[PDB]
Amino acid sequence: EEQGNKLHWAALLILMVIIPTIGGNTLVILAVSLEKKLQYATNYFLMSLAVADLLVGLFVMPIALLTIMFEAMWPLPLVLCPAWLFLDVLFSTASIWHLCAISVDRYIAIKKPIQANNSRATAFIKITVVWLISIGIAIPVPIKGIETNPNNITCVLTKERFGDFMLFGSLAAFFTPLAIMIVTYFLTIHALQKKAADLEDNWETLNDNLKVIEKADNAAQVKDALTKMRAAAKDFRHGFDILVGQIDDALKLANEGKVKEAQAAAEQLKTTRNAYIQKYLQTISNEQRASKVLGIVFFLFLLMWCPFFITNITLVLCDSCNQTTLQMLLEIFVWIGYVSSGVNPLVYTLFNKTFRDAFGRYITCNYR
């Protein structure tokens, strides 16, 4: 028998995988490096991730073509094989863990909206941890090495040698950040409901004690119903402070005994709650719109790596499956995840108007 020639596949991948991977990540790095409106702390995640996926298209992907164009005889120097295999597992694991770090980070931005500055250092710490985790996962490859009389080596991980690494490594590289991003998913669904619920609670506590005052025919109705709003009240240090002093300024009229004067102070306070509720109504509308975008984009990413890591584990556990027909799948399924990681940064940043504006400027060679 005979297999034939598979050059048209390598041409197809360059046009639709390697070129989009190299081009998309380079656009993302330029947007953070050039445009200063994007030089925030959370975008250093996007830059760190864009550099990892860029290194895939430059070093990992071109060598991976040689398995498709050429034969099963490693055509490059020997040490290059475990180095390429090390870089392959390293950068492919970094991309999945960056998204887990982003999923966790963005959940913290919702649940604990307060922390800010300190944020520049916290990212570099989280970036480092993500890269160190990817090193410890990819380090078994250059340590064990590829087995050899014939100096010709076959550069691929085998089931006999890396059977435990193909399994436990898959557990730590994909299914562990998968399980985390699933947990942070429901944490974010719950965090946004309570954030919107707490709002409905305060909105009525104000609007109920307000109608009490406009219908008040005495001062005691104003005294007690205003204290209910006193304990129920950077920019946040001043947000409540505006109305905490107004309730005090209005109770000052209530301690005087002025009924019509105090009621007029409350009816003119309603133009102050609509200034803070409308602002925080949006903060929660936008906090919910960005979560649904990150949810779908991160899901399609993780979904396009499911074929490889399920087959990568099945090739270890299933003793009755056809090894020839299963490694033929890994040869293909890897390129699906290569696409997933290659364009994941670009897709996620296409939903940012500032990023999308920067891209449209750079594709026509502007650079401001």
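Throughout, we count residues from 1 along the sequence that is shown.
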Self-check item: Missing residues, deposited sequence, between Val104 and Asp105 (class: none, 1 to 3, 4 to 9, 10 or more)
Solution: none
Quiz prompt | Residues of the deposited sequence that sit between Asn149 and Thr148 yet are not modelled | solution = 1 to 3
Quiz item: In the PDB record, does 255 to 263 or 152 to 160 carry the higher mean Cα temperature factor?
Solution: 255 to 263
Quiz item: Higher mean Cα B-factor in the deposited model: 172 to 180 or 210 to 218?
Solution: 210 to 218
Exercise. Identify, among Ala196, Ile242, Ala109, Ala94, the residue whose C-alpha carries the highest B-factor in the deposited PDB entry.
Key: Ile242
Exercise. Sort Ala232, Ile189, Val293, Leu99 by C-alpha B-factor from the entry and give me just the highest.
Key: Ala232
Quiz item: Comparing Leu326 with the other modelled residues of its chain, is its CA B-factor in the lowest, middle or highest third?
Solution: middle
Practice problem: Would you mind checking where the Cα B-factor of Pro75 ranks among the modelled residues of its chain, as the lowest, middle or highest third? | Solution: highest
Exercise. Using the B-factors in the PDB entry, rank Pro140's C-alpha atom against the chain and give the third, lowest, middle or highest.
Key: lowest
Practice problem: Could you look up the Cα B-factor of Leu85 in the entry and say which third of the chain it sits in: lowest, middle or highest? | Solution: lowest
Quiz prompt | CA B-factor ranking of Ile125, expressed as a third of its chain | solution = lowest
